[PDB]
Amino acid sequence: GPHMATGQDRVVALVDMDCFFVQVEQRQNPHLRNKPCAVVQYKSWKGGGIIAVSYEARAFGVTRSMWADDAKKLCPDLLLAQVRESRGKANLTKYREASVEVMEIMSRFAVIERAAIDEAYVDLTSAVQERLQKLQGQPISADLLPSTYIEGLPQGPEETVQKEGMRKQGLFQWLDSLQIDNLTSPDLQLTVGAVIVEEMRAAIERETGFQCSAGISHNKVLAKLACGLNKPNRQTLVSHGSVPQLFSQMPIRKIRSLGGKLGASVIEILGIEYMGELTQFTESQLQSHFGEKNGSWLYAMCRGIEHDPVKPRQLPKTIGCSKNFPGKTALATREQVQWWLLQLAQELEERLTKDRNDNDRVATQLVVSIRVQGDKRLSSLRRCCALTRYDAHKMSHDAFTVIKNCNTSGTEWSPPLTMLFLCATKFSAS
DNA sequence: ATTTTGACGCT
Ligand SMILES: Nc1ncnc2c1ncn2[C@H]1C[C@H](O)[C@@H](COP(=O)(O)NP(=O)(O)OP(=O)(O)O)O1
Ligand SMILES: [Mg+2]
Ligand SMILES: [Mg+2]
């Protein structure tokens, strides 16, 4: 009752760019705009692997991971943009730079946590309070929320058969219900949050050309879930009160961190399917099956409560370069391994030097990882060494030194290598 | 022959 926390202390948003790499390429090449389009890496093997897909192309069934030749079978007029290739490998520089454009705009509004190349969490609690002070008891107009969905609404009793009609009906129900004169109301706080996110999304689109979606809720997991509910080019507010119905038919795997083995174990061990069913277990029961930390997290999360903070971190903490060498292309000679380590080290040097100039920091550890043919794990082996100079020849030599004894017998390398990976870590200020 | 990443947990 009066002491049961409800996880309504924060306003958190998650902003995720729509078909991000595709929009970067469509901005660059107007011929690709408003077309079924995908971004592909490499080309020789089955036309290249698709890594991003426009919504027009998704309507034909094109998905990430599809070979371009196969996507063309579903969508004969599919247009393609290729990732830059440098030193024999895919180069993602253009997308990292476009990401910085977006993150720098978002950081004008609030502290952000860069969660991936095209998404960031925003802690809006302070900004909402300031905005509530600015507009004392002044009602919030639907005009301030032109792209917002209120999850769960409309409810109860032709304008109801088009999606914009439904969107506005739900928004009207929500705003009609609001208590505008209490500045401590969580639902009001979320609504002001959504007004700010509309402003943020408009700024991103104005200043970059890129569209995005967003979720606004009281924590990162609900914000992330909300964001996906009405992609693309829309934002969704998930209130605390919307959680029971939302979670009552929500597959466990849809919640952040439960899409893999742990989520599968929750389903198998407890014999449930939906996130809401978790409420019927005690905290101790969940801790007994999934550990103290996971158990406590699940117990709170199924009630819509999560405390993971929006970390103040706009820049990646590691800078890595990797290449797979699948099937017959697996690396089988010492010279091959050394040449590709050099290629990777040269890209890494270029990125590290730019990073040192832009961000006043230096990496101090080099992690070298390899995969051997047959091992299904991403990494078969990981070894580190000191990273003392931004020099590609030195980094490649040091990586070879730290992995060379993985070679059962050689001039020859065995078993063949299916992946090389260099990652610069442990940054210190410079 | 899905590729190239990046954050974080466990021991
Ligand atoms: N498995 C993968 N391998 C490589 N790159 C990938 C990837 N998954 C995504 N990317 C790259 C390419 C993606 O453009 C970018 C962002 O990933 P999303 O936010 O998950 N997907 P997007 O923004 O395209 O569409 P949506 O509107 O549904 O958000 O990261
Ligand atoms: Mg995206
Ligand atoms: Mg994303």
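Below, chain A is the first sequence line, B the second, and so on; all start at residue 1. What's counted below: heavy atoms across the whole structure, side chains too, no hydrogens, waters or symmetry copies.
For A/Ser322, there are no side-chain hydrogen bond (donor to acceptor under 3.5 Å, both in side chains) partners, not counting sequence neighbours.
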Can you check side chain to side chain donor-acceptor pair (under 3.5 Å) on A/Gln211 and A/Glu205, steps first, answer last? CA-CA 5 Å; A/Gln211 291 180 353; A/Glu205 187 176 5; 3.1 Å; yes
Determine whether A/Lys323 and A/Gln343 satisfy the following criterion, side chain to side chain donor-acceptor pair (under 3.5 Å), listing intermediate values before the conclusion. CA-CA 10 Å; A/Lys323 189 167 174 49; A/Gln343 303 321 291; over 6 Å; no
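Here the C1' atom of nucleotide B/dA1 and the CG atom of A/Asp69 are 13 Å apart, to the nearest Å. The distance from atom CE of A/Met66 to atom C1' of B/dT2 is 12 Å, rounded to the nearest whole Å. Atom CH2 of A/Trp45 is separated from atom P of B/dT2 by 9 Å (rounded to the nearest Å).
Residue A/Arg108 places its CZ atom among more than 12 non-hydrogen atoms of other residues, nucleotides or ligands, all under 6.0 Å distant.
A/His31 contributes atom NE2, which lies 10.5 Å from atom CG of A/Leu79 (distance to the nearest 0.5 angstrom).
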In 5'-to-3' order, the base (B), backbone-only (S) or no-contact (-) status of each nucleotide in nucleotides 4-11 of chain B, using a 4.0 angstrom heavy-atom cut-off, is SBSSSS--
